[PDB]
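Colleague: Provided hereafter are the protein sequence and its experimental coordinates.
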Amino acid sequence: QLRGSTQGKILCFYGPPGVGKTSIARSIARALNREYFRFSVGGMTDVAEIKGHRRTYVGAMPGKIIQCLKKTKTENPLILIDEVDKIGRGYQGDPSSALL
Amino acid sequence: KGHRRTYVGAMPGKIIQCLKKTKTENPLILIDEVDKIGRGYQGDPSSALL
Amino acid sequence: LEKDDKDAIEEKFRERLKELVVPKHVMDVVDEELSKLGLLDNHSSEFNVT
Amino acid sequence: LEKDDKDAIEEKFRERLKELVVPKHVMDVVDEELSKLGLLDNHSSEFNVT
Ligand SMILES: Nc1ncnc2c1ncn2[C@@H]1O[C@H](COP(=O)(O)OP(=O)(O)OP(=O)(O)O)[C@@H](O)[C@H]1O
Ligand SMILES: [Mg+2]
């Protein structure tokens, strides 16, 4: 409110499982009035889910973040990546670099 | 989700067949073998299923 | 005539974009692919991907 | 004469090339690719790649 126009940020809750890290996300989303959305990252290997496709393939669709833009009409939704701590990284070539 | 009725043989997706064959609007559809869904060309259809 | 299946697509997508404050960068790309979609045969795979 | 043609697509590239000074080496490759580009029927996937 003091610095004019609305702005983004990043955060990282952490604590023992089942303590309510997730519910507060939905509550904060209701409090700030911006739209909510979430998606798991745990155990994924290929980057396409965060990154869509080249669309010369016969079956390509844009990556999930673009779907969330298609549903969440707002250009500043409260995305909630979750359970990064067990991010899938066993494949050759980290998807986590694309995440960064 | 089904096809756009432009492609050959664009029959409606499976839910519509169940709606026709059961001839009533309140079937007890029963998904099976959910465990090994995913990792398609689209990543997975699970979002739409949800 | 409601048979038009070319310029109907053009007007629909052009109308859907008006409300947004479109960046000029994307505006050029969407305009070009509209020009390409508006000349193509209705049933080619290129028309469906576009 | 009026109305659109493929040579207009051939042209907008050429003009983009007209200002910057290309090395003689690549001055050819673009030449043969352009000369090939006109002869294709436009719906062939080869036209997309070229
Ligand atoms: N402080 C709290 N007040 C009320 N309910 C709570 C609280 N913390 C947790 N809960 C209950 O726990 C359930 C799930 O909580 P939550 O998913 O946040 O656990 P978690 O720590 O996120 O688990 P994980 O992080 O492993 O997904 C919710 O239904 C919620 O009602
Ligand atoms: Mg939880």
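Modeller: Ah, there it is. Numbering: from 1, shown residues only, chains lettered A, B, ... in the order given. Ligands and ions are numbered 1, 2, ... in the order given.
Colleague: ok, the residue of chain A found nearest chain D - contacts?
Modeller: Going by Cβ to the nearest Cβ, chain D is nearest to residue A:56 of chain A, at 8.2 Å. C-beta coordinates here come from the backbone N, C-alpha and C atoms, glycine included. Contacts for residue A:56 (Cβ atoms under 8 Å, 6 or more residues apart in numbering or on different chains) come out as none.
Colleague: shouldn't residue C:6 be in contact with residue C:38?
Modeller: Yes. If you go by Cβ atoms under 8 Å, residue C:6 and residue C:38 touch, sitting 6.4 Å apart.
Colleague: name the nearest residue to residue A:39, ignoring sequence neighbours.
Modeller: Spatial nearest neighbour of residue A:39, excluding adjacent residues (Cβ to Cβ, 6 or more residues apart in numbering or on different chains): residue A:64 at 5.9 Å.
Colleague: report how many residues lie close to the one you found.
Modeller: As a burial measure, residue A:64 scores 17 neighbours (other Cβ atoms under 10 Å in any protein chain shown).
Colleague: so who does it touch?
Modeller: Neighbours of residue A:64 in contact, by Cβ under 8 Å, 6+ apart: A:39, A:49-50, B:43, B:47.
Colleague: just the helices in chain C please.
Modeller: Taking DSSP state H as the test, the helices found in chain C are C:7-16, C:24-37, C:45-49.
Colleague: touching chain B at all, the longest one?
Modeller: If I follow you right, that is helix C:24-37. No. With Cβ under 8 Å from any Cβ of the partner chain as the criterion, chain B is not reached by helix C:24-37; the gap is at least 14.5 Å.
Colleague: now that helix - C-alpha only, CSV.
Modeller: In CSV, the C-alpha atoms belonging to helix C:24-37 read as follows (Å, rounded to 0.1, in the frame of the first residue of the first chain):
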residue,chain,number,x,y,z
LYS,C,24,2.4,-4.3,-29.5
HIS,C,25,4.9,-7.1,-29.7
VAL,C,26,2.3,-9.8,-29.4
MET,C,27,-0.2,-7.6,-31.4
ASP,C,28,2.0,-8.0,-34.4
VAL,C,29,2.2,-11.8,-34.1
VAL,C,30,-1.5,-12.3,-33.6
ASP,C,31,-2.2,-10.0,-36.5
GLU,C,32,0.1,-12.0,-38.8
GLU,C,33,-1.3,-15.4,-37.8
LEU,C,34,-4.8,-14.0,-38.3
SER,C,35,-3.8,-13.0,-41.8
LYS,C,36,-2.5,-16.5,-42.3
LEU,C,37,-5.5,-18.2,-40.8
